[PDB]
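Bear in mind that the values in this text are calculations on the coordinates, not laboratory data. Here Cβ is always computed from backbone atoms with ideal geometry, including for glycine, and neighbour counts include all displayed protein chains.
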2 protein chains.
Amino acid sequence: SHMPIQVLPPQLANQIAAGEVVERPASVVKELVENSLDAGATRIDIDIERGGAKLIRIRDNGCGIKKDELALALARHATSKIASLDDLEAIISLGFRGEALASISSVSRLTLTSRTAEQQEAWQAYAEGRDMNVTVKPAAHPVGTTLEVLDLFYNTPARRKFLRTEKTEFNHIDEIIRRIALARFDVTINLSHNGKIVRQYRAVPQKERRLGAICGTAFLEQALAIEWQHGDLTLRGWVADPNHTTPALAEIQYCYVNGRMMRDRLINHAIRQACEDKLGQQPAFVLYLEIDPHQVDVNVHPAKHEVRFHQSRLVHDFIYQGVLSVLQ
Amino acid sequence: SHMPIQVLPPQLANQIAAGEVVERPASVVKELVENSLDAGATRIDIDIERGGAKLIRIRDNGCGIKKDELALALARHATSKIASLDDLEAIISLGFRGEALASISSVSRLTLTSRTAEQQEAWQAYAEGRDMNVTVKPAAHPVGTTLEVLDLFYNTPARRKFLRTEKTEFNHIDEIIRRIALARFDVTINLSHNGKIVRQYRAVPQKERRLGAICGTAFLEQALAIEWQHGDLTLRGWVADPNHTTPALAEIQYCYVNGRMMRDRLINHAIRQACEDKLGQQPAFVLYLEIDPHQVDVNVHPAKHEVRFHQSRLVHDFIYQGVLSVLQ
Ligand SMILES: Nc1ncnc2c1ncn2[C@@H]1O[C@H](COP(=O)(O)OP(=O)(O)NP(=O)(O)O)[C@@H](O)[C@H]1O
Ligand SMILES: Nc1ncnc2c1ncn2[C@@H]1O[C@H](COP(=O)(O)OP(=O)(O)NP(=O)(O)O)[C@@H](O)[C@H]1O
Ligand SMILES: [Mg+2]
Ligand SMILES: [Mg+2]
Ligand SMILES: [Rb+]
Ligand SMILES: [Rb+]
């Protein structure tokens, strides 16, 4: 009570938020690419420098942002994706908090360059200072958006110390893009590090090509396609033969909830109870769960790392049977 | 882009935040009690009804809130605990985001009644409506604060469905109070459910009494006191004989970082590598880690469930040796 209850300064409040949603450079790449995805992009170019500690650039060929909404694109709690509780409990987009760009801007030097098909001119914008004041100025750019995040954590020096080696940090970025590339086979994604191209995923409107290109040939050889459907619950993807799964292959344990990369304990357990009951070790897989958004809650973690299902036992059993069925 | 980028309505934005910090009634109890603790309370009375789905009342004998700051006590991003980045990287209080009361208010009917030693009159306040407008009116109350949360999730009906049985929900509350009672032996804490008193922890200025009263006699009998200190790192608490630890006793695996109930994987692993190397199963313990706030980061999860240590390997090894030493 010595200190008066007071509203935190805009930048500091955003930095507090940034600590919860932006752990490392990979986290920045994750949010910006998901933004690009929500914008209907079909091609995404990601340029990384020094593990992302120096620069993180993401360009997409999405619908872009309107000149008079760029500042809103950087303001707290501002979003174009949802506008009510009804929209929230029926999420149909990767973003919905309207916080990512604001959090990231407060902990780096972020620039937003964009143009819409209806605009003849392009514009760039950036927040700045204790009050996160926004500047919008002229620019040259194609229809679409380019995000530039430089000096990550430069104003929160203590967080930078948690940064691992550049190589390590890039590996986490590379892993994120992997997870995202598996989520959207229809999107072309190019990733470069230090001027050199590391990968270029080709869009698929046979996914076997990309699957192998992303997870390796080893997985593709052991991969068993899945097609499981009940009421409105659907399970797709691939599961490897437990008897022919190695520790290396076990590093591939990806699951998605309505196209959103998730890491659910309920899902993994269901999948294991199936490989255990059959084999009689750690399974390798790439599963996609499709469900009515009303039956799942994705507003549990600020980074969307978790989800909770309204009918927990029903969903678990659905995946169990689904996997178990394929193994036989 | 069909929908314009727009600032979310105050209540909805808070509800989005509430989904990340307030999972269940126990979560509400956690935040409010921590508030009471930060306020210097030495006695805290918690009245619960129907698992907390009906009512959650917390009264403390802390310093209270100033009349002209009650609305600020409910506004977003408003706090009296920190005011700069320097304060953030040196956290010395349980709260610091200035968000809890605002999140909780948007998902229930919350009332704040309080009075300071300098005030002759008491006042109560509550946020309300889409814009979370605040009302402050006269009231009768001792020096201290009373929080009343009724109808949890009444305006977010879908979240209420995730509510388990009243008995189950109260058990999670009971567990939280347990963890908190172990964190502050010097605080009297009374917990009641449906008019009936469930427990009453007595303040200690020999902690063995409370320890037994909280974790059971079984633990007290197997408990081995710890006193480990290095540079500024300190480890205190109790660890049970692995050879004499049962699954029931394994349910007691509590650890604290600067008095804050945490569940760190680094800490648990270090503790296990010690019981493994000695015994040659799951250990039972109550450990307290004291460290310079600059060496730890507690701004990782909106609920403060996690932390990251600047010198990870140093801390892990510190606890390993600490425990390992006691087992021998
Ligand atoms: N690459 C992009 N292309 C088009 N619009 C974008 C892009 N990045 C951001 N936006 C717009 O900026 C708004 C702000 O983005 P962001 O700050 O990430 O919040 P969000 O996507 O709404 N929700 P969240 O990520 O959950 O916090 C979005 O709602 C879009 O309307
Ligand atoms: N029981 C209480 N006694 C005295 N002051 C209180 C109490 N509960 C809340 N407050 C005051 O209200 C402010 C708001 O509380 P709260 O909304 O929980 O945010 P916080 O404690 O600052 N941070 P956080 O919990 O991390 O979001 C605090 O900073 C206190 O100054
Ligand atoms: Mg987003
Ligand atoms: Mg608090
Ligand atoms: Rb925004
Ligand atoms: Rb507040």
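A helix-only calculation puts chain A at -9000 deg cm²/dmol for mean residue ellipticity at 222 nm, using -39500 (n - 2.57) for each DSSP H run of at least four residues, averaged over all residues. Relative to the Cα centre, the charge distribution of the protein assembly as shown, modelled as +1 at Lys and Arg Cβ and -1 at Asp and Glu Cβ, gives a dipole magnitude of about 100 debye.
Evaluate E = 1/(1 + (r/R0)^6) for A:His269 and A:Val198, where r is the Cβ-Cβ distance and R0 equals 30 Å; express this FRET efficiency to the nearest 0.05. My answer for the efficiency is 0.35.
In the structure shown, the pairs A:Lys30/A:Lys278; B:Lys161/B:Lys196; A:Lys161/B:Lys304; B:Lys66/B:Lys137; B:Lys207/B:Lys304; A:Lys81/B:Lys54 are assessed against 24 Å; a Cα-Cα span above that value is assigned to A:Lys30/A:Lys278; B:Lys161/B:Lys196; B:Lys207/B:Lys304; A:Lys81/B:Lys54.
Using the 10 angstrom Cβ neighbour count as an exposure proxy, how do B:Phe285, B:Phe153 rank, fewest first?
Working: B:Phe285 25, B:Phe153 20.
Ranking B:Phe285, B:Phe153 by Cβ neighbours within 10 Å, fewest first, gives B:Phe153, B:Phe285.
Here the 3J(HN,Hα) profile of region A:57-67, calculated from phi with Karplus coefficients 6.51, -1.76 and 1.60 at θ = phi - 60°, is 10, 10, 10, 10, 10, x, 5, x, 10, 4, 3 Hz, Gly and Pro shown as x.
Distance between the modelled labels on A:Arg50 and A:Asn243, one decimal in nanometres: 5.3 nm (7 Å Cα→Cβ projection).
Give me the base-10 log of I(q)/I(0) for region B:187-328 at each q in 0.13, 0.17, 0.19 Å⁻¹, Debye formula, one uniform scatterer per Cα, rounded to two decimals. Listed by q, the Debye log ratios stand at -0.61, -1.00, -1.18.
Over all projection directions, the Cα-based convex hull of the protein assembly as shown averages an area of 30.1 nm².
Could you state the per residue volume, in Å³, of the convex hull enclosing the Cα atoms of chain B? All intermediate terms of the calculation are to be shown ahead of the outcome.
Values: hull volume 54.6 nm³, N = 328.
Hull volume normalised by residue count: 166 Å³.
The Cα-based radius of gyration and maximum Cα-Cα distance (Dmax) for region B:41-128 are 14.2, 42 Å. Region B:116-185 and region A:218-265 have Cα centres lying 43 Å from one another. From least to most packed, judged by other beta carbons within 10 angstrom and beginning with the fewest, A:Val187, B:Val326, B:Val239 follow the order B:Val326, A:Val187, B:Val239.
Look at where the Cα atoms of region A:280-328 and of region B:8-48 average out, and the two centres are 30 Å apart. Across region A:113-123, coupling constants 3J(HN,Hα) worked out from phi with the 6.51/-1.76/1.60 Karplus curve, θ = phi - 60°, read 10, 7, 8, 9, 4, 7, 9, 8, 10, 9, 8 Hz, and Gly and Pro carry x. Modelled spin-label separation between B:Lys207 and A:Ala140, with each label point placed 7 Å from Cα along the Cα-to-Cβ direction: 6.7 nm.
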